[PDB]
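Undergrad: Going by the authors' numbering, 115 is the number at position 115 of the sequence shown; the sequence numbering is gapless.
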Amino acid sequence: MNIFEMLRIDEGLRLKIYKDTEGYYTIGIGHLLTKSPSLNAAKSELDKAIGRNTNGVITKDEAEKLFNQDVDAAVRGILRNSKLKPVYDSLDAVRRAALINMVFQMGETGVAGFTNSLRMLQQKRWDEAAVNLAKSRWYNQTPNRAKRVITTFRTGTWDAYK
Ligand SMILES: [Cl-]
Ligand SMILES: [Cl-]
Numbered sequence: 001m002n003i004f005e006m007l008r009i010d011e012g013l014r015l016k017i018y019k020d021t022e023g024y025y026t027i028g029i030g031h032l033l034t035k036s037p038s039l040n041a042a043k044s045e046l047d048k049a050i051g052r053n054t055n056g057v058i059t060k061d062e063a064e065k066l067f068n069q070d071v072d073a074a075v076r077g078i079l080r081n082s083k084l085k086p087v088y089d090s091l092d093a094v095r096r097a098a099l100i101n102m103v104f105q106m107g108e109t110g111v112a113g114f115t116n117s118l119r120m121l122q123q124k125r126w127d128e129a130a131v132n133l134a135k136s137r138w139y140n141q142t143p144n145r146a147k148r149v150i151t152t153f154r155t156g157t158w159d160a161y162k
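#1: Which residue comes first and which comes last in the beta strand (DSSP E) that contains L15?
#2: With burial defined as no fewer than 16 other Cβ atoms inside 10 Å of the residue's Cβ, what is the status of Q105: buried or exposed?
#3: Which residues mark the beginning and the end of the alpha helix (DSSP H) in which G77 is found?
#4: Less than 8 Å separating the beta-carbons of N140 and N116?
#5: With distances taken Cα to Cα, identify the nearest neighbour of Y18 among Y161, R145, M1 and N40.
#6: Which residues does DSSP list as the beta-bridge partners of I27?
#7: Suppose contacts are defined by Cβ-Cβ distances below 8 Å. Is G28 in contact with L7 by that definition?
#8: Whole angstroms are fine: how far does the CA of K35 sit from the CA of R96?
#9: Should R14 be counted as a contact of ligand 2 given a C-beta to heavy atom distance under 7 Å?
#10: Should the stretch 48 to 63 be regarded as contacting the stretch 81 to 90, the criterion being three or more beta carbon pairs within less than 8 Å?
#11: Measuring straight from C-alpha to C-alpha, what distance separates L66 and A74?
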């Protein structure tokens with residue numbers, strides 16, 4: 001298991017524009033297009049992202065290419081983030097993937113907002129961090145995915161994904 005297989009399980013793969021759990025236009029493996037209500041604004045973001053006129057449909061290769069960019073960008077955003085970096089540096093390989101997953105889902109700003117949980121993770125207080133992480137909109141809105149990520153932080157294993 002690795003970050004790509006983990007996120008592929010969590011996000012799925014869709015080759016036609018769709019709406020995410022929040023009602024936003026998305027495509028591929030969790031690639032957010034726009035938060036705007038307009039489908040045309042989404043087709044336009046999509047063509048710009050891909051470099052061709054797509055008419056709302058992409059190929060497997062194109063989805064995977066966006067996926068590779070998004071993972072790379074999540075990692076880079078964590079390392080540039082003054083709040084996230086020290087947490088990331090402190091974690092083992094498995095838990096680092098858990099943190100990348102949360103950033104990929106909610107953005108670096110959102111994750112950097114879980115102040116108390118981050119402090120707990122850095123301190124290696126696994127059980128306490130798991131309890132604090134669950135007291136969130138994130139956990140309440142997407143409980144199955146949240147539980148998998150939370151179990152990954154708690155155990156430092158890929159058990160929840162196998
Ligand atoms: Cl893009
Ligand atoms: Cl879920």
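Just so it is clear, CB atoms sit at the ideal spot from N, CA and C, and this is done for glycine as well.
TA: Per the coordinate set shown:
#1: Element bounds for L15: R14 to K19.
#2: So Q105 ends up on the buried side.
#3: Taken as a continuous stretch (DSSP letters only), the alpha helix (DSSP H) holding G77 covers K60 to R80.
#4: The answer is no: Cβ separation not under 8 Å.
#5: Among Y161, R145, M1 and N40, the Cα nearest to that of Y18 belongs to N40.
#6: DSSP lists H31 as partners of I27.
#7: The answer is no: Cβ separation not under 8 Å.
#8: Distance between the alpha carbons of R96 and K35 is about 28 Å.
#9: Taken from the Cβ of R14, every heavy atom of ligand 2 lies 7 Å or farther away.
#10: Taking 8 Å as the limit for Cβ pairs, the verdict is that the stretch 81 to 90 does not touch the stretch 48 to 63.
#11: Taking the straight line from one Cα to the other gives about 12 Å.
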